[PDB]
Amino acid sequence: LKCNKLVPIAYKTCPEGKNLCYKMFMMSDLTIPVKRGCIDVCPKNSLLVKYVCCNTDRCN
């Protein structure tokens, strides 16, 4: 799938054993995220940073 970088302006495809995109938010997810990348499986959600996975292009 095609995932975006920090800003939802630049994004590409994540073939490297990746078919999902994720975004990590600080404290809360409601607010803007802090980092994001591609992944094959949703990682463990932390209490410090909120984990949000998706399978849609430009989801992050």
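Heads up, the Cβ atoms here are built off N, Cα and C, so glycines get one too.
The DSSP secondary structure for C21 (disulfide bond) is strand. Among the features that Swiss-Prot reports, disulfide bond is placed at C3-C21 (among others).
Applying an 8 A CB threshold to same-chain residues 6+ apart, the list for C38 (disulfide bond) reads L1, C3, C14, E16, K18, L20, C21, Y22. The disulfide bond feature in Swiss-Prot is assigned to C14-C38 (among others); the stated evidence is experimental evidence.
For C42 (disulfide bond), other Cβ atoms within 10 Å of its Cβ number 13. Among the features that Swiss-Prot reports, disulfide bond is placed at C42-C53 (among others).
What Swiss-Prot lists as disulfide bond is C54-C59 (among others). Sequence-distant contacts of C54 (disulfide bond), defined by Cβ-Cβ distance under 8 angstroms and a gap of at least six in the same chain, are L20, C21, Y22, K23, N60.
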Query - Cβ neighbours within the same chain of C53 (disulfide bond) - under 8 Å, at least six residues apart - result: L20, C21, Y22, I39, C42, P43
**Report entry** Cβ neighbour count within 10 Å of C3 (disulfide bond)
**Finding:** 24
Query - Which same-chain residues, if any, lie at least 6 apart from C59 (disulfide bond) yet have Cβ under 8 Å of it - result: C3, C21, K23
Requested in this report: Would you mind checking how many other C-beta atoms are within 10 angstroms of the C-beta on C14 (disulfide bond)?
Outcome: 17
